[PDB]
């Protein structure tokens, strides 16, 4: 079964399962590359389910743009297997960005300040860290991101 995501007026169907299966293959390896055990980017005071539905779609779109603009394409590993998986994750994430963009075009991805506020916070955390550490850390945090999306009833 697909995951029906309730983002206020924006409702999309996502293949959460495909992405989780792809990521479980690399979680351990990736998370091992991340030395900054004291910094959490997706902090939990910014969880999606805790967000007013009107604002969820906006938040999620930015988070995806974050990952697509500066995580997936920049994670460095010599391991071909790993690289292929990462392409899977990114293209899977792209289908979702595509639906959110539609919601946006239909004027149902309103960016309110609860949304911008929580994104800036996340973006801040990510910007604290030195580049490669940053991407390594966010890639390793897909499990939180995918759960945030599963959480939203």
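Positions refer to the first chain, counted from 1.
- Higher mean CA B-factor, judged across 38-46 and 93-101 from the recorded values: 38-46.
- When 80-88 is weighed against 111-119, 111-119 comes out higher, by mean CA B-factor as recorded in the entry.
- Of the candidates 135, 12, 144, 129, the one whose C-alpha carries the top B factor in the deposited record is 129.
- Residue 59: CA B factor in the lowest third of modelled residues in this chain (values from the PDB entry).
- Residue 52 sits in the highest third of its chain by CA B factor, as recorded in the PDB entry.
- Compared with the other modelled residues of the chain, the Cα B-factor recorded for residue 5 ranks in the middle third.
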